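Student: Give me a 3D structure for the following:
(chains A and B)
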Amino acid sequence: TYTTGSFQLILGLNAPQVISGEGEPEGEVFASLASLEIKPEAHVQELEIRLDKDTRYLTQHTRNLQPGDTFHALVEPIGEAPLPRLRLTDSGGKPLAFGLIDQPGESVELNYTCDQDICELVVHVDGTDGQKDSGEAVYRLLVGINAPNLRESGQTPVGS
Amino acid sequence: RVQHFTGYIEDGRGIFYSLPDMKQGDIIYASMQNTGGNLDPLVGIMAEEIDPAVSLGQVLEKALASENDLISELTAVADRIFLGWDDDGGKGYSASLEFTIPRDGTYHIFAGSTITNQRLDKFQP
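Tutor: Numbering: from 1, shown residues only, chains lettered A, B, ... in the order given. The relevant structure is shown in the block below.
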């Protein structure tokens, strides 16, 4: 089988002490990450959620985001269910973004960009506008990382 | 030129500090860190001393009743009340501010609490 885990890599140029495994950084750099030369890989996931009478508030946790990344989300009801509210907060609850209703008012969308070294995000979906017992309202939630084309994804959910 | 201050904030009641007779061309620096409790620092600078409580209260009045998007309404009110401000520019929720003194005169520094949510079961600023 294959193996998984974290690693430390030390590279040297005309520095015979590297093969000992104890080479301290010195001189001027000579190698760089190759993946930075091209475009990032998109990850998309879609889930179906239902807001019952006693379960009108729902939250979900997202994986860690590296600096420079982007985050998008949108919600579309299955049928005649009213549009719920959408917002984005961190793990402590500090607000970061709020949902915008499009001119064709059938969906709500959100967007964010990463600034800190590590960002942990939480997505809030709530339909507790009042106290009406609408019943079995069901919505479709689409989320993506580094996927600005979530409006027309086309491909099935890719990546992790 | 560095000076230290320590204080306590109760239910969003800020503290004013006076900067007498600054000169044009000076650069002000500010940093505010939490040392106890759940305080979320906020710092702002202005010329004429006016209590922001009446203006900031309307932001809590609107959010408490609707969607209103706090992060929008707070930025718009702050850009009117203060000449310069910062919420989370430091390590964590701490604030840090750089402000070039526009003209010659005196100014005021305002320290206090921002409007935030700290729950995941329901939204309550």
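
Student: How about the contacts made by the closest residue to residue A:77 other than its chain neighbours?
Tutor: Once flanking residues are discounted, residue A:77 sits nearest to residue A:139: 4.9 Å by Cβ to Cβ, 6 or more residues apart in numbering or on different chains. (C-beta placed from N, C-alpha, C; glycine too.) Residues counted as contacts of residue A:139 (Cβ atoms under 8 Å, 6 or more residues apart in numbering or on different chains) are A:48-51, A:75-78, A:81, A:84, A:125.

Student: Are we agreed that residue A:139 is in a helix?
Tutor: No - counting by DSSP: H, G, I helix; E, B strand; the rest coil, residue A:139 is not part of a helix but strand.

Student: Mark which of the contacts of residue A:139 are buried, thanks.
Tutor: The neighbour-count test (16 or more other Cβ atoms under 10 Å in any protein chain shown) marks A:51, A:75, A:77, A:81, A:84, A:125 as buried among the contacts of residue A:139.

Student: who does the first one bridge with?
Tutor: So that's residue A:51. Taking DSSP bridges as the rule, residue A:51 bridges to residue A:137.

Student: now swap in the second one and tell me
Tutor: Beta-bridge partners recorded for residue A:75 (DSSP bridges): residue A:108, residue A:141.

Student: which stretches of the chain form helices?
Tutor: I went with chain A, as the question did not name one. Counting by DSSP state H, one finds no helices in chain A.

Student: that answer is for a different chain, and I need it for chain B
Tutor: B:53-63, B:70-81.

Student: Indicate which one of those helices is closest to residue A:104.
Tutor: Residue A:104 lies closest to helix B:70-81 among the helices of chain B, at 22.1 Å (Cβ to Cβ).

Student: Extract the C-alpha set from that closest one and format it as PDB.
Tutor: Output of helix B:70-81 as PDB, limited to C-alpha atoms (Å, rounded to 0.1, in the frame of the first residue of the first chain):
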ATOM      1  CA  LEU B  70     -23.700  44.100  10.900                       C
ATOM      2  CA  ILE B  71     -20.400  44.200   9.100                       C
ATOM      3  CA  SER B  72     -21.800  46.600   6.600                       C
ATOM      4  CA  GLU B  73     -23.600  48.800   9.100                       C
ATOM      5  CA  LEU B  74     -20.700  49.000  11.500                       C
ATOM      6  CA  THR B  75     -18.200  50.000   8.800                       C
ATOM      7  CA  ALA B  76     -20.500  52.800   7.500                       C
ATOM      8  CA  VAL B  77     -21.100  54.200  10.900                       C
ATOM      9  CA  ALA B  78     -17.400  54.000  11.900                       C
ATOM     10  CA  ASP B  79     -16.300  55.700   8.700                       C
ATOM     11  CA  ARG B  80     -18.500  58.700   9.800                       C
ATOM     12  CA  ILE B  81     -17.700  58.800  13.500                       C
END
